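Worksheet for the structure shown next.
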Amino acid sequence: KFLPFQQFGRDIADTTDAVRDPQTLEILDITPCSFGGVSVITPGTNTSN
Amino acid sequence: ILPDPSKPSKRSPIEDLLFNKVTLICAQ
Amino acid sequence: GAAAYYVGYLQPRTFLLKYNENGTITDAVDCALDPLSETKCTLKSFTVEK
Ligand SMILES: *[C@@H]1O[C@H](CO)[C@@H](O)[C@H](O)[C@H]1NC(C)=O
Ligand SMILES: *[C@@H]1O[C@H](CO)[C@@H](O)[C@H](O)[C@H]1NC(C)=O
Ligand SMILES: *[C@@H]1O[C@H](CO)[C@@H](O)[C@H](O)[C@H]1NC(C)=O
């Protein structure tokens with residue numbers, strides 16, 4: 003924590019290194035979830051399945 | 795102009811300068 | 869006793885205030901000073917070039 007009347011950590015636009023407002027307050031890091039897309043590599047139906 | 799084997803990057807001195815000069819922006 | 873007191877007044881205004889890493893209020897810019905402050909306010913950076 004840094005100062006009492008303001009504790010919600012956030013640095014650029016969306017990181018928001020806090021949660022909302024706990025009684026113990028204080029801020030550690032951010033890891034809600036982070037995963038991306040998928041693609042399929044094929045050689046050709048008439049070549050293989 | 796040709797690459798210098800001493801540098802692990804395997805790039806020429808002019809290429810290294812151009813690589814260094816070119817640099818929210820990358821944290822979405 | 870020997871003392872003194874100051875008096876001021878508040879009026880509506882629109883500013884963009886700056887904060888550092890600790891959260892301390894660092895800069896408080898005034899839009900009624902000059903358009904030159906508005907230059908960097910609109911440009912969204914504090915270093916201008918030729
Ligand atoms: C309960 O509140 C106290 C604050 O006095 C602090 O220990 C913490 O924020 C809360 N949780 C526990 C387990 O004490
Ligand atoms: C697939 O390959 C075979 C042999 O290479 C060819 O005869 C055929 O026209 C190709 N296409 C399909 C859709 O089978
Ligand atoms: C805010 O910054 C640090 C927090 O890391 C703190 O130690 C310091 O006393 C505070 N003030 C300034 C001017 O850094």
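Protein chains in written order, with my numbering: chain A, 3 to 51; chain B, 795 to 822; chain C, 869 to 918.
Cβ atoms here follow ideal geometry from the backbone N, Cα and C, with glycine treated the same way.
**Study point:** Proximal residues of chain C, C-beta to C-beta of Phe4/A below 9 Å
**Key:** Start at 1 with the first residue of the first sequence, and residue 4/A comes out as number 2. Those are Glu889, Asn890, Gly891 and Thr892, listed as they occur along chain C.
**Study point:** Among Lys3/A, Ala15/A, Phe10/A and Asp19/A, nearest to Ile819/B - alpha-carbon criterion
**Key:** Position 25 of the second sequence holds residue 819/B. Among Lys3/A, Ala15/A, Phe10/A and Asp19/A, the Cα nearest to that of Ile819/B is on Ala15/A.
Check your understanding: DSSP state of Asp895/C, grouped into three classes?
Key -> Counting from 1 along the third sequence, the entry for residue 895/C is found at position 27. Note: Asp895/C maps to strand in three-state DSSP.
Practice item. Verify the CB distance criterion: does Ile14/A have a CB-CB separation below 8 Å to chain B? Key: Here residue 14/A refers to the residue found at position 12 of the first sequence. Yes, contact with chain B.
Point to revise | Reference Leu901/C, options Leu878/C, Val875/C and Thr882/C, closest by Cα | key: The residue labelled residue 901/C in the question sits at position 33 within the third sequence. Ranking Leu878/C, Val875/C and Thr882/C by Cα distance to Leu901/C puts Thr882/C first.
Exercise for review: Name the residue from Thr17/A, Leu5/A, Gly46/A and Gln8/A whose alpha carbon lies nearest to the alpha carbon of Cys35/A.
Suggested key: Position 33 of the first sequence, counting from 1, holds the residue named residue 35/A. The option with the nearest alpha carbon to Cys35/A is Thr17/A.
**Study point:** Own chain, CB closer than 6 Å to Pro6/A, minus 5 neighbours either side, in chain order
**Key:** Working through the first sequence from its first residue, we reach residue 6/A at position 4. Around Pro6/A: no qualifying Cβ.
Review point. Quick one: which chain C residues come within Cβ less than 8 Å of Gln8/A?
Key: Mapped onto the first sequence, residue 8/A falls at position 6. Near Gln8/A (Cβ distances below 8 Å), the residues of chain C are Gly891.
Exercise for review: Report the rounded CA-to-CA distance for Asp895/C versus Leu878/C, giving the unit in angstroms.
Suggested key: As a position in the third sequence, residue 895/C is number 27, starting the count at 1. As a position in the third sequence, residue 878/C is number 10, starting the count at 1. Cα to Cα, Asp895/C sits roughly 19 Å from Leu878/C.
**Study point:** Cutoff 8 Å: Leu818/B Cβ touching any chain A Cβ
**Key:** Sequence index remark: in the second sequence, residue 818/B carries index 24 (1-based). Interface residue, yes.
Review point. Should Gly38/A be labelled buried (16 or more other beta-carbon atoms within 10 Å of its own) or exposed?
Key: Stepping through the first sequence from its first residue, residue 38/A is reached at position 36. The residue in question, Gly38/A, is exposed, as its Cβ has fewer than 16 Cβ neighbours within 10 Å.
Practice item. Report whether the distance from the Cβ of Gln822/B to the nearest heavy atom of ligand 4 is below 7 Å. Key: Ligand 4 is absent from the structure shown, which contains only ligand 1, ligand 2 and ligand 3.
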